[PDB]
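Structure, as structure tokens:
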RNA sequence: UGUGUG
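Residue numbers (the deposited numbering): 376 to 490.
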């Protein structure tokens with residue numbers, strides 16, 4: 376299987392059901408999603424902005440429902456930035472999506488607080 | 001029910 380053409384606005388479904396975190400500036404955090412939204416829905420939503428390595432809606436392991444937040448990993452930071460610029464404020468159902476770069480460790484702090 | 005778990 377393959378994406379059928381290099382001129383297409385879409386790609387192969389090699390990114391849904393995964394969890395791989397994208398490189399620096401290429402990983403996204405999405406918030407205010409529907410509770411029935413899946414990993415393939417978030418992929419097909421973000422497909423137009425570049426090539427996606429991994430796409431995931433955070434699903435509750437107890438009930439199989441979405442927690443209204445998700446993630447998208449591009450192969451480069453310009454496609455991720457273009458998706459922030461296109462999807463931050465996107466109206467869906469009856470509410471607007473919030474979109475930005477993902478949170479991650481990039482800092483350190485002191486051990487003892489008393490001396 | 002604010003940051004890729006199952």
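Beta carbons are placed, not taken as given, at the ideal position from N, Cα and C, and that holds for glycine.
Leaving out five residues before and five after residue 394 in sequence, what residues of the same chain have Cβ atoms less than 8 Å from its Cβ? Translated into the one-based positions of the first chain, residue 394 becomes position 19. So the qualifying residues of the chain are 429, 431.
Can you find the residues in the same chain that come closer than 7 Å, C-beta to C-beta, to residue 391, ignoring five residues on each side of it along the sequence? Translated into positions along the first chain, residue 391 becomes position 16. 414, 415, 418, 430, listed in sequence order.
In or out: residue 462 buried (at least 16 other Cβ within 10 Å) or exposed? Numbered from its first residue, the first chain carries residue 462 at position 87. By the neighbour-count rule (16 or more Cβ atoms within 10 Å), residue 462 is buried.
Out of 438, 444, 465, which one is the CA nearest neighbour of residue 477? What you label residue 477 is simply residue 102 of the first chain in a count that begins at 1. Closest option to residue 477, Cα to Cα, is 444.
Whole angstroms is fine: what's the gap from residue 437's alpha carbon to residue 412's? Counting from one through the first chain, the residue named residue 437 turns up at place 62. Counting from one through the first chain, the residue named residue 412 turns up at place 37. Approximately 16 Å between the Cα atoms of the pair.
Runs of 3 residues minimum, wholly inside the region 396-466: which ones carry the beta strand (DSSP E) assignment? 402-406, 427-434, 441-449
Kindly indicate which three-state DSSP category residue 471 falls into: helix, strand or coil? Working through the first chain from its first residue, we reach residue 471 at position 96. Three-state DSSP puts residue 471 in a strand.
Residue 390 in three-state terms, based on DSSP: Residue numbering aside, residue 390 sits at position 15 when the first chain is read from its first letter. It is coil, neither helix nor strand.
Cβ-based burial, residue 453 [other Cβ within 10 Å; buried from 16]: Along the first chain, read from residue 1 onward, the residue named residue 453 stands at position 78. Its Cβ having fewer than 16 others within 10 Å, residue 453 is exposed.
Can the beta-carbon of residue 401 be found closer than 8 Å to that of residue 424? Indexing the first chain from 1 puts residue 401 at position 26. Indexing the first chain from 1 puts residue 424 at position 49. No, these two residues do not count as a Cβ contact at 8 Å.
Beta-carbon separation (whole angstroms), residue 386 vs residue 447, contact threshold 8 Å: To locate residue 386, count along the first chain from 1; it is residue 11. To locate residue 447, count along the first chain from 1; it is residue 72. Wrong, their Cβ atoms sit about 12 Å apart, outside the cutoff.
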